[PDB]
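Sharing an experimental structure here, sequence included.
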Amino acid sequence: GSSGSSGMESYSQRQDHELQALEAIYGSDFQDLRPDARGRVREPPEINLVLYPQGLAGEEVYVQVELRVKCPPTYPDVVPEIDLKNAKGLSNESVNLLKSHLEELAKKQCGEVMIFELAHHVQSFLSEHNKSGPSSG
């Protein structure tokens, strides 16, 4: 089996598919950063995702980092890059750990879109690295 029409999408389509879904999910924890215009060369879909330790919510919080991602021009056929900027709590300390963890999780997730998993895994990790903090909300 496995025969059918020429499904002929492109990597930037598969990519921007995830982007549109992120704009719903987050709204403004998301920013796209693209220099893209209609009628231009393709370039990396650079985005920013603010991510936090679950529970405390959009409130005081302790640790956080922004997730910066560009994608290669072939993602998800290969793994994306991952960079963790403007960290709080983590003085570029366990940032290294999580970045390295994500840099492996990406290989496991390779074959389809992984950004949504990566963002979940960060919010696990941050909540892990977070200690003390009541709940309210």
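Arrived safely. Residues are numbered from 1 along each chain as shown.

switch to C-alpha atoms for all contacts and neighbour counts from now on
Noted.

need the strands for the chain, in chain order.
30-32, 47-51, 64-69, 83-88 (DSSP state E).

List just the one of those strands that sits closest to residue 122.
strand 47-51 (6.8 Å; CA to CA).

Spit out the contact partners of the residue nearest the centre of the chain.
What sits nearest the mean C-alpha location of the chain, by CA atoms, centre = their mean, is residue 115, with 4.3 Å. Taking CA atoms under 8 Å, 6 or more residues apart in numbering, we find residue 115 in contact with residue 18.

can you tell me how far it sits from residue 44?
14 Å (CA to CA, to the nearest Å).

Tell me how many other residues crowd the closest residue in space to residue 29 that isn't next to it in sequence.
Of all residues not flanking residue 29 in the chain, residue 50 sits nearest, at 4.9 Å (CA to CA, 6 or more residues apart in numbering). Neighbour count of residue 50, defined by other CA atoms under 10 Å: 19.

hmm, back to that, what's the most buried one of the strands of the chain?
Counting by mean count of other CA atoms under 10 Å, strand 64-69 has the highest mean neighbour count of the strands of the chain, with a mean of 22.
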